[PDB]
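**Q** Below is the structure I would like to discuss, written out as structure tokens.
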10 protein chains.
Amino acid sequence: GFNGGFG
Amino acid sequence: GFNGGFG
Amino acid sequence: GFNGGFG
Amino acid sequence: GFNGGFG
Amino acid sequence: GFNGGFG
Amino acid sequence: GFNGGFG
Amino acid sequence: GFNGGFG
Amino acid sequence: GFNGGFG
Amino acid sequence: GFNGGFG
Amino acid sequence: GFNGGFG
């Protein structure tokens, strides 16, 4: 799984 | 699964 | 599953 | 499933 | 299923 | 452009 | 561009 | 560009 | 560019 | 550029 991201 | 995204 | 998105 | 979207 | 959309 | 949402 | 969301 | 979210 | 999120 | 998040 992936949690988070890109500003 | 994926949670989050892109600003 | 996918939750989130794109600004 | 997909939840979210695009600004 | 899909929930959400496009601004 | 293309906007597409798919269940 | 292309915006696509897929369950 | 390309924005894509995939379950 | 390319923004992609994958479960 | 390329932004990618993968479960």
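FYI, nothing fancy with the structure tokens labels: chains A, B, ... in order, residues from 1 per chain, ligands from 1 as they appear.
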Would you give me, as JSON lines, each residue of chain J having an atom within 9 Å of an atom of chain B, along with its shortest atom pair and that distance in Å to one decimal, using only C-alpha atoms and sorting by chain and residue number?
**A**
{"residue": "J:3", "atom": "CA", "partner": "B:6", "partner_atom": "CA", "distance": 8.3}
{"residue": "J:5", "atom": "CA", "partner": "B:2", "partner_atom": "CA", "distance": 7.8}
{"residue": "J:6", "atom": "CA", "partner": "B:2", "partner_atom": "CA", "distance": 7.2}
{"residue": "J:7", "atom": "CA", "partner": "B:1", "partner_atom": "CA", "distance": 5.7}
**Q** Could those residues be written to a file, using N, CA, C and O atoms, as a PDB file, in the first residue's frame?
**A**
ATOM      1  N   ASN J   3       5.774  12.103 -11.384  1.00  0.00           N
ATOM      2  CA  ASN J   3       5.420  11.813  -9.995  1.00  0.00           C
ATOM      3  C   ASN J   3       4.613  10.522  -9.990  1.00  0.00           C
ATOM      4  O   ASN J   3       3.554  10.452 -10.620  1.00  0.00           O
ATOM      5  N   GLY J   5       3.245   7.198  -7.392  1.00  0.00           N
ATOM      6  CA  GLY J   5       3.155   6.479  -6.137  1.00  0.00           C
ATOM      7  C   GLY J   5       2.516   5.127  -6.354  1.00  0.00           C
ATOM      8  O   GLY J   5       1.470   5.034  -7.003  1.00  0.00           O
ATOM      9  N   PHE J   6       3.137   4.070  -5.830  1.00  0.00           N
ATOM     10  CA  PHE J   6       2.750   2.701  -6.144  1.00  0.00           C
ATOM     11  C   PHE J   6       2.594   1.920  -4.846  1.00  0.00           C
ATOM     12  O   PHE J   6       3.525   1.874  -4.033  1.00  0.00           O
ATOM     13  N   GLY J   7       1.429   1.304  -4.653  1.00  0.00           N
ATOM     14  CA  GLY J   7       1.196   0.453  -3.499  1.00  0.00           C
ATOM     15  C   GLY J   7       2.140  -0.736  -3.417  1.00  0.00           C
ATOM     16  O   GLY J   7       2.639  -1.206  -4.449  1.00  0.00           O
TER      17      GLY J   7
END
**Q** Let's see if you can do this: from backbone DSSP, list all strand (DSSP E or B) residues in chain J, as a PyMOL selection string.
**A** chain J and resi 2-6
